[PDB]
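> how does the following fold in three dimensions:
(chains A, B and C)
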Amino acid sequence: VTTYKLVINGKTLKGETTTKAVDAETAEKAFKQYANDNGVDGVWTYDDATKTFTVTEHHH
Amino acid sequence: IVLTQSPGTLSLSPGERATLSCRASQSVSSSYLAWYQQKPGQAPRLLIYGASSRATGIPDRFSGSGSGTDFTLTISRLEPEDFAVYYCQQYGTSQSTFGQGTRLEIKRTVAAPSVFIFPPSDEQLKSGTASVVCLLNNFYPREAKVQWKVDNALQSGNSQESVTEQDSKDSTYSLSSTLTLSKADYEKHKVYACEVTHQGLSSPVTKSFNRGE
Amino acid sequence: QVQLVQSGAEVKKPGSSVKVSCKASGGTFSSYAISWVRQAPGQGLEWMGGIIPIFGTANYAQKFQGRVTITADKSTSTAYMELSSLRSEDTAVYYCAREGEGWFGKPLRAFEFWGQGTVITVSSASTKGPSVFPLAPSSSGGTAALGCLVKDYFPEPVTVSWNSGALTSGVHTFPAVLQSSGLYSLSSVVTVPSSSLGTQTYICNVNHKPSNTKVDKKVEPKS
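Residues are numbered from 1 along each chain as shown, chains lettered A, B, ... in the order given. Here you go:
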């Protein structure tokens, strides 16, 4: 319906994944679960122009 | 018709002669019996058609024979690329059946596995599940038994395992087993052990760890 | 030359139906049977049915009479198979195979040409990117083992490499396992010298195209 992207900037886990949601809030809820499932804890940013969330752990 | 192949697994060394058998419950006309070769991840490949004719491009060390209910595929000198699964087939317009397949595997000396055990990572425990992984590396033959123990209590129904194909370099197998528990159940026990039985071990081997240490 | 190209992998909900296509190029598409043969994971070949396009007459295995329809389109030299009210036991690779021709006199009565296969997964699960967990080397005679646990993804497949493909010796990537959740799970391990754990970086590169997951997990020794 609209594809959103997650870029992961963790200490040991780096890369990207996507999801299909209607809302940015529905994608955020999918991405925050995924990031926790992979034990990533970091700072969240969002760019609506590109439908891209970013999570960045402190240091790397 | 029921086509029955034998043996189910055939363990031979390269250079040896392989004999594969396809037996039918009832008579099959010779021009309807075909043999196929299948390798992991690939489509089947026609070897023999009409019981005895080689398809285009099949080396002449493959031969087929038989009539009635007894058919045979012979490979006179096994080259390494010949180790695969083989299917006979009764070709038909209105009905067609396949044998259940013979796996032709490389025979080598007995090799005992190296056994490693891995506790669940810290990042997995953040998500409420705990996976314990036991690795059996480079053993032969393929038959191996893995028992999980949690505080010396035999586990059951909470593990899955899978085996690699036979390695092309050294002809061994590897096995991975995963024991799965909730995070809560994992925190309630201390000793996680994996006991391995195999032909190259004179007695079961146990690898283990204590949660926390 | 004769070539059978099949449509792509599909995930289907139970009870639905799927149509698989097989386009033939480089031979006559008329007087030679096109059959469909399926193979469930870890199991044998099972003939489903076939059609001679020029006659239009389709035959089916008893097992599938009533929910499979095999048709042929001579206008595009494409053969189709439709399988309805899918169940989990219909998860398999579906091959199209075409009878070969004789030298001058004909029918080979064997499948000379095969398609590359179509993976049909029948599941109520949704697309889910993998979680990648380290299998950390501990502190096996001078040899350490490490790896990655690629857990809870759907559908198949995932590909795993190590250090962007520069590490290949000692690597074992195991066939995925289907969990009671409906999600798949697999492990990739590598065997390395214990002495290298302090100086080499080991990164497993996990790719899951259905979720467009490309993800790199650094596996470090636990102290």
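> drop to CA atoms for contacts and neighbour counts, all remaining ones
OK.
> which ones are touching residue 54?
The chain I'm using is chain A. Contacts of residue A:54 were listed using C-alpha atoms under 8 Å, 6 or more residues apart in numbering or on different chains, and they are A:6-9, A:43-46.
> look at chain C instead
The neighbourhood of residue C:54, defined by C-alpha under 8 Å, 6+ apart, consists of C:29-31.
> buried members of those residues into ChimeraX, please.
Entered in ChimeraX, the line below selects the buried ones among the contacts of residue C:54, by 16 or more other C-alpha atoms under 10 Å in any protein chain shown:
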select /C:29,30
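> could you chop chain C up by domain?
C:1-124, C:125-223 (curated CATH domains).
> stretch B:89-98 close to chain C?
Yes: among the residues of stretch B:89-98, B:91-98 lie within reach of chain C under C-alpha under 8 Å from any C-alpha of the partner chain.
> now stretch A:21-32
No: on the criterion C-alpha under 8 Å from any C-alpha, stretch A:21-32 is out of touch with chain C, staying 10.0 Å away.
> repeat for stretch B:58-72
No: looking at stretch B:58-72 against chain C by C-alpha under 8 Å from any C-alpha, there are no contacts, and the closest approach is 11.8 Å.
> buried ones in that stretch?
Under the neighbour-count criterion of 16+ other C-alpha under 10 Å, stretch B:58-72 has B:62-67, B:70-72 buried.
> could those residues go into a markdown table alongside distance to residue B:132 and secondary structure?
Converted to a markdown table, those look like this (distance: C-alpha to C-alpha, whole Å; DSSP: H, G, I helix; E, B strand; the rest coil):
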| residue | distance to residue B:132 | secondary structure |
| --- | --- | --- |
| B:62 | 46 | strand |
| B:63 | 48 | strand |
| B:64 | 48 | strand |
| B:65 | 51 | strand |
| B:66 | 51 | strand |
| B:67 | 53 | strand |
| B:70 | 49 | strand |
| B:71 | 47 | strand |
| B:72 | 46 | strand |
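> would you list those residues in CSV and tack on distance to residue B:20?
Below are the buried residues of stretch B:58-72 laid out as CSV (distance: C-alpha to C-alpha, whole Å):
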residue, distance to residue B:20
B:62, 11
B:63, 10
B:64, 9
B:65, 11
B:66, 12
B:67, 15
B:70, 11
B:71, 9
B:72, 6
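> tell me the one of those residues nearest residue C:119?
residue B:62 (30.8 Å; C-alpha to C-alpha).
> so who does the closest one touch?
With contacts taken as C-alpha under 8 Å, 6+ apart, residue B:62 has the following neighbours: B:47, B:54, B:73-76.
> quick one, which of those are buried?
When burial is judged by neighbour count using 16+ other C-alpha under 10 Å, the buried members of the contacts of residue B:62 are B:47, B:54, B:73-75.
> turn the domains of chain C into TSV, columns for distance to residue B:106.
Compiled in TSV, the domains of chain C are given as follows (distance: least, C-alpha to C-alpha, whole Å):
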stretch	distance to residue B:106
domain C:1-124	19
domain C:125-223	19
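> what's the burial count for residue 23?
Just going to use chain A. A count of neighbours around residue A:23, defined by other C-alpha atoms under 10 Å in any protein chain shown, yields 13.
> the intended chain is chain C.
Other residues within reach of residue C:23, judged by other C-alpha under 10 Å, total 19.
> which element is the residue of chain B found nearest chain A on?
Of all residues in chain B, residue B:123 sits closest to chain A, with a separation of 4.2 Å (C-alpha to the nearest C-alpha). Assigned by DSSP states H and E, residue B:123 belongs to helix B:122-125.
> and the residue nearest the centre of chain B, its phi and psi?
Among the residues of chain B, the one closest to the centroid is residue B:165, at 6.6 Å (C-alpha atoms, centre = their mean). According to degrees, to the nearest 10, the main-chain angles of residue B:165 amount to phi -60, psi 170.
> and what of the one 10 residues further on?
Here is the backbone geometry of residue B:175 (degrees, to the nearest 10): phi -140, psi 140.
> which residues pair with it across the strands?
Beta bridges link residue B:175 to residue B:136, residue B:163, judged by DSSP bridges.
> and for residue A:43?
Applying DSSP bridges to residue A:43, the residues it is bridged with are residue A:56.
> so how far is residue A:55 from it?
Relative to residue A:55, residue A:43 is positioned 5 Å away (C-alpha to C-alpha, to the nearest Å).
> what of residue C:172?
Using C-alpha to C-alpha, which is the criterion applied here, residue C:172 is 31 Å from residue A:55.
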